[PDB]
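Coordinates in review
Letter by letter, the chains look like this.
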Amino acid sequence: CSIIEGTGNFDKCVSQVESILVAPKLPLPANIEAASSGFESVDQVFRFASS
Amino acid sequence: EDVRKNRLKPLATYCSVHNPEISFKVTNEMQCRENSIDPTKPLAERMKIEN
Amino acid sequence: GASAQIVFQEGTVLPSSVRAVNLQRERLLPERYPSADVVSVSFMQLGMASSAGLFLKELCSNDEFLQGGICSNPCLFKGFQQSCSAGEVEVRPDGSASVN
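Residues numbered from 1 in each chain as written, not as in the entry; some residues may be left out. Chains lettered and ligands numbered in written order. Part of a larger assembly, values for the part shown. Heavy atoms only, no water.

Quick word on the interface of chain B and chain A
Condition: Between two residues, a contact is recorded if the distance between any of their heavy atoms is within 4.5 Å. By salt bridge we mean one thing: a side-chain nitrogen of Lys or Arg within 4 Å of a carboxyl oxygen of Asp or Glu. The nonpolar class holds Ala, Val, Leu, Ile, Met, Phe, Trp, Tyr, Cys and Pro. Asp, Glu, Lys and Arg form the charged class, and all remaining residues, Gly among them, are polar.
Taken together, the 5 residues of chain B in the interface contact 7 residues of chain A. In this structure, the connection of chain B to chain A is made through 0 salt bridges. For the side of chain B that touches chain A, a count of residues per class yields 2 nonpolar, 2 polar and 1 charged.

Notes on the pattern of salt bridges
Here the structure, examined in full by the defined rule, presents 5 salt bridges over all chains. A salt bridge links C:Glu26 to C:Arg19; its shortest N-O distance comes to 3.2 Å.

Section: the interface of chain A and chain C
Rule in force here: Summed over both partners, buried area is the accessible surface (1.4 Å probe) that two parts give up on being assembled. Polar contact criterion, stated in full: a pair of N or O atoms within 3.5 Å, where within protein one must be able to donate a hydrogen and the other to accept it, and residues adjacent in sequence count only if both atoms are side-chain atoms. Numbering of helices and strands runs from the N terminus, with a helix taken as a DSSP run of H or I at least four residues long and a strand as a DSSP run of E at least two residues long.
Each side of the interface is counted separately: chain A has 35 residues, and chain C has 43 residues. Between chain A and chain C lies a buried interface of about 3,400 Å² when both sides are counted; carbon and sulfur atoms form 65% of it. Area buried by chain A at its contact with chain C is led by A:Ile4, A:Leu21 and A:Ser37, which between them contribute 21% of it. At the junction of chain A and chain C, the tally comes to 0 salt bridges. For the interface between chain A and chain C, the tally reads 18 residue pairs in polar contact. Among the elements of the structure, β1 (3-6), α1 (10-22) and α2 (42-48) of chain A are those that each provide at least two residues to the side of chain A that touches chain C.

Here's the deal with the packing of aromatic side chains
Rules: Pairing of aromatic rings covers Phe, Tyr and the six-membered ring of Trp, with a centre-to-centre limit of 6.5 Å; geometry is then stacked below 30 degrees between planes, edge-to-face above 60, and tilted otherwise. Whether a residue is buried, partly exposed or exposed follows from its accessible area with a 1.4 Å probe, protein chains only, as a fraction of its type maximum: under 20%, in between, or over 50%, in that order.
Taken as a whole and judged by the stated rule, the model has 2 aromatic pairs over all chains. Plain terms: the ring middles of A:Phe46 and C:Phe8 are 5.9 Å apart, the flat faces sit at 10° to each other, and that makes the pair stacked. Here C:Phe8 lies in the loop between β1 (4-7) and β2 (21-22) and A:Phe46 lies in helix α2, a pairing that spans two chains. A relative accessible area of 49% means that A:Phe46 is categorised as partly exposed. The exposure class of C:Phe8 is partly exposed, given its relative accessible area of 30%. With a centroid separation of 6.0 Å and an interplanar angle of 85°, the aromatic rings of A:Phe48 and B:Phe24 are classed as edge-to-face. Taken as a pair, A:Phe48 in helix α2 and B:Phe24 in the loop between α1 (9-14) and α2 (26-33) lie in two separate chains rather than in one. Accessibility expressed as a relative area gives 30% for A:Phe48, which makes it partly exposed.

Next up, the structure:
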C-alpha cells in the first residue's frame, strides 16, 4: 500500500467500523482484572447485560 | 458402545450448540473444535473417531 | 484518546465468565452509600489513537478496499488523499495531508 483515497460513503464506513472495531469476529484478548467485567467486545455487552 | 458410558461424554456435552457456556465468548467456540470435539457435528458423529 | 469505556437491569442472570463489578466490595465506595453493581468494560482498540490505527491496518489489508496500492476509505471525504501509513496526519493549507 502507498496511497489512501477517500470514497465518501457513510453506510460502507458503518459496516467496516462494525466488522473491525465495534463487533469483530476475532476480538482482542480483553482480560479480566479487579475493575473489568470480562466482556471481549461491545456487541456482547448489550446482548447479555443490557440495562 | 453406549453413549452414557462413553469417556468423551463430559467434554462432548460441554461442546454443543444446545450448550450456552460456550456462547458467552466467541474465541471459546474455536478452542473446542481444534481439540477434535466439533459442536457442529451431531453427538453420534462427534463421539465417533473417523477411520 | 487511548482507551474507550462503557460503565452502567435489576437482578439479571449473568454468565460465570463475566463478573458484575460491585463498587462497595472493590473499595471504591463506603458501606453507608447504597450498593452499586455495574457493568464495567474498557477497550484500548476503540480509543481515538488506537482506533484510527487498527482501522487502516484492517481496511487496507482486505482485498475489497485495496487494488495494488490504492486503499479506498469510505470514512474519508471525496477527493482527500494521504500516504499509506498509520502515522499522525496534519492538514496543510496547500490542500495535502502531512503524514509522520
